[PDB]
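Worksheet: one structure, shown below.
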Amino acid sequence: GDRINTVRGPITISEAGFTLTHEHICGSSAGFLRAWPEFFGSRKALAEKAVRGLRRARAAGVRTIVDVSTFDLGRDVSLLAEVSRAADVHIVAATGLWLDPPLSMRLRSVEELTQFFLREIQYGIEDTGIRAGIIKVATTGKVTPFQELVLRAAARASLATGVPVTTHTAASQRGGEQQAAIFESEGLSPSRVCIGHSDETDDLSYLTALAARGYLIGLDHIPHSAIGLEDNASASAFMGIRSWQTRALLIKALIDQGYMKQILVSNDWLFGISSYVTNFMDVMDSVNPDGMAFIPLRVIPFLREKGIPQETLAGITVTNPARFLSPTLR
Amino acid sequence: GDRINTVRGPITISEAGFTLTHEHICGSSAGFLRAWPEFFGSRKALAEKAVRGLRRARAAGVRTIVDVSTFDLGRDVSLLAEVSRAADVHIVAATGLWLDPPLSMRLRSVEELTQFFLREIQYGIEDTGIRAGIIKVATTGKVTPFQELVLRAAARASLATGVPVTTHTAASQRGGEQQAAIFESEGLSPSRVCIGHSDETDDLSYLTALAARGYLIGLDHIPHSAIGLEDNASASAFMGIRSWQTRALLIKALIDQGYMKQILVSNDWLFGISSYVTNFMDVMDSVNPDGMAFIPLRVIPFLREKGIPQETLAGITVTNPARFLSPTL
Ligand SMILES: C[As](C)(=O)[O-]
Ligand SMILES: C[As](C)(=O)[O-]
Ligand SMILES: [Zn+2]
Ligand SMILES: [Zn+2]
Ligand SMILES: [Zn+2]
Ligand SMILES: [Zn+2]
């Protein structure tokens with residue numbers, strides 16, 4: 001229709017504006033923020049940092065972010081709603097499952113997972129009445145049996161509600177190809193789907209092929225370059241040796257192939273992280289001081305210097321997310 | 001000290017009475033009860049089932065249960081408080097980690113885990129002000145490197161606060177021997193430690209040796225048995241095919257060996273479970289309609305028929321848990 005669900009309620013599509021389609025307020029685990037807030041210093045501290053971060057993104061032109069933190073990424077929608085009001089930035093919340101599902105999720109059938117996702121979309125998250133506006137899923141190269149169940153549950157929940165699906169992929173392993181095959185076996189329209197972390201490869205033919213089938217290509221790891229850390233056993237597996245300009249030029253390459261309409265760009269940033277090593281957040285902030293403002297402050301100007309016109313950069317950052325997020329059954 | 005943290009606040013040891021030492025209101029995962037309460041019908045239905053079940057247990061003489069649900073078993077201490085108050089049964093809450101820690105736990109140092117356990121003990125669980133009176137940990141046969149971190153954190157937390165440590169084990173793999181060695185390397189007295197699920201084995205030499213070192217022995221799976229349900233694979237992989245009377249006779253055994261002061265007895269029951277197959281709660285309730293009342297309604301009289309004196313049984317169900325739960329530094 002004409003309305004997108006956010007943590008503050010429904011908004012009309014024209015209100016979304018410049019939208020970052022793959023972000024996080026906090027990368028954690030289910031129940032963790034509540035049970036151990038001092039891991040982040042304090043809940044208040046984490047919130048205040050996130051509010052400053054969003055206001056900084058807002059002053060760079062960002063109007064909406066999509067928080068693709070799932071249940072098992074320890075999504076706290078109450079936190080999302082708080083920081084959204086204070087920063088005057090729309091936040092779309094996610095259902096789905098990422099890569100750390102607990103036992104109570106891992107043992108569920110595709111039918112039960114479908115019910116969980118649908119409840120979070122149609123009824124609300126926890127007892128908050130806040131509804132998800134996107135379904136997030138994740139696979140590791142060769143899709144596992146449980147992951148296949150997740151993707152099919154996501155497909156079915158999308159098909160009943162018209163909300164889009166967005167994925168975590170290992171692009172180096174061409175992971176989107178198995179994701180796409182599963183989605184298509186369920187009769188899901190590719191234009192409901194973003195294949196994420198896609199800038200983690202130099203294989204353009206892989207990307208272009210997905211695009212040509214109608215998938216959105218999520219180029220969301222541009223500031224995850226991490227230059228110089230090939231000794232750090234934490235910042236050499238996580239992140240690599242590909243410059244942000246190298247990644248960003250994939251955006252240009254896809255535009256030149258005629259697939260500007262299939263491109264989504266983001267940062268995959270956050271303001272706290274507990275799912276990795278202690279103080280990884282300091283590592284990330286040191287390497288990307290712009291945080292969520294990296295896309296509008298660096299990547300957009302870079303693309304302009306490379307001769308990408310304003311109307312195209314507007315289509316990618318405003319029109320493309322809008323079309324993606326608006327619930328549609330085609 | 002002679003006071004124990006419960007979910008309704010501190011009680012004196014005298015108040016605990018008949019204490020079921022290894023139980024669960026709900027077996028789940030972190031965040032799960034609050035994200036998907038309809039899995040249990042509703043949160044309300046779950047609380048009311050648990051109030052009914054505890055009330056029957058209270059009728060049968062139980063005054064206190066120990067809920068050894070950790071963070072990663074989806075312990076919702078607000079649920080525990082509600083059902084405790086409504087059934088007027090004491091509940092002691094747990095910190096620690098079970099076998100399903102998430103990345104945010106799995107990636108933590110022993111120093112960090114120590115601080116988390118201390119927080120739930122000294123400050124409170126989440127923002128509730130409810131403090132754990134016990135530390136629950138779990139290993140699987142061979143202790144994993146992360147599981148070793150958890151047990152050392154548990155020991156350090158215990159030595160700082162005096163609260164006891166209860167464990168989950170595979171008695172088939174004599175899991176308690178590995179746990180004990182880790183605990184003792186940290187300087188922890190065995191009198192601060194219960195080795196649980198010890199009734200899954202019939203190896204008395206394993207039990208008595210542990211007992212002789214001063215460890216508490218948790219014979220807590222007594223009502224678990226999938227006899228007549230052998231063609232249901234999920235039932236006999238979770239409950240086994242050993243009679244409850246056989247499990248119970250292990251209690252007599254340790255008494256006869258002179259070890260009554262080391263026995264703790266329980267049902268390891270619960271009123272909802274999401275951390276196993278769907279509708280498994282109905283299979284459990286089918287096997288044991290008595291729920292947490294199985295121990296005082298069936299087991300305790302069974303032991304008296306086999307000639308065990310009343311005072312010894314009272315020492316096991318009252319005195320031993322009191323001594324165990326009392327913060328002893
Ligand atoms: C929260 As992530 C680093 O798996 O996109
Ligand atoms: C939570 As259990 C059934 O492993 O004691
Ligand atoms: Zn991801
Ligand atoms: Zn992400
Ligand atoms: Zn157990
Ligand atoms: Zn248990």
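Taken together, the values in this text are just the output of simple stated rules run on the coordinates, not laboratory data. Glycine gets a Cβ as well: all are built from the backbone with ideal geometry, and neighbour counts include every protein chain shown.
Build a GNM of chain A with springs between Cα atoms under 10 Å apart, and of A:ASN232, A:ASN267, A:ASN288 the one that fluctuates most is A:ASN232. GNM on chain A, alpha-carbon springs under 10 angstrom: the most fluctuating residue among A:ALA237, A:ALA47, A:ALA181 is A:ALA237. Highest GNM mean-square fluctuation among B:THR319, B:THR208, B:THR278, for chain B modelled with Cα contacts below 10 Å: B:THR278.
When each of the peptides A:15-27, B:33-45 is scored by the mean number of other C-beta atoms lying within 10 Å of its residues, the order from highest to lowest reads A:15-27, B:33-45.
Using Cα positions and a limit of under 27 Å, work out the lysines in reach of B:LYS261, with same-chain residues fewer than 8 apart set aside. Candidates past the 8-residue exclusion: B:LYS136, B:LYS252, B:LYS306. Rounded if a/c is under 1.5, else prolate if a/b beats b/c, else oblate: with a ≥ b ≥ c from the C-alpha gyration tensor eigenvalues square-rooted, which is chain B? Rounded is the answer for chain B, as its axis ratio a/c remains below 1.5. Peptide B:34-44 has a mean shielding of 4, counted as Cβ atoms of other protein chains within 10 Å of each residue's Cβ. Taking every DSSP bridge with both residues inside chain A, close to 15 percent are antiparallel.
Take each residue of peptide A:299-312, count the partner chain Cβ atoms within 10 Å of its Cβ, and average: the result is 0.
Out of every Cα-Cα pair that the range A:127-172 contains, those further apart than 17 angstrom amount to 39 percent.
The packing ranking, built from the mean of other Cβ atoms within 10 Å per residue, places the peptides B:213-219, B:110-116, B:255-261, A:158-164 in the order B:213-219, A:158-164, B:110-116, B:255-261, highest first. Expressed to the nearest 5 percent, the antiparallel share of DSSP beta bridges inside the protein assembly as shown is 15 percent.
Taking every residue in B:108-116 and counting other chain Cβ atoms within 10 Å of its Cβ, the average works out to 2.
Per residue of the protein assembly as shown, the DSSP helices (runs of n ≥ 4 H) give a summed -39500 (n - 2.57) that works out to -10500 deg cm²/dmol at 222 nm. Rounded, prolate or oblate: pick one for the protein assembly as shown, where a ≥ b ≥ c are the square roots of the eigenvalues of its C-alpha gyration tensor, a/c under 1.5 means rounded, and failing that, prolate if a/b is larger than b/c, else oblate. Prolate shape, in that a/c is at least 1.5 and a/b is the bigger ratio. Fully extending the segment from A:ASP88 to A:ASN279, taken as 0.36 nm per residue of separation minus the present Cα-Cα distance, adds 65.9 nm.
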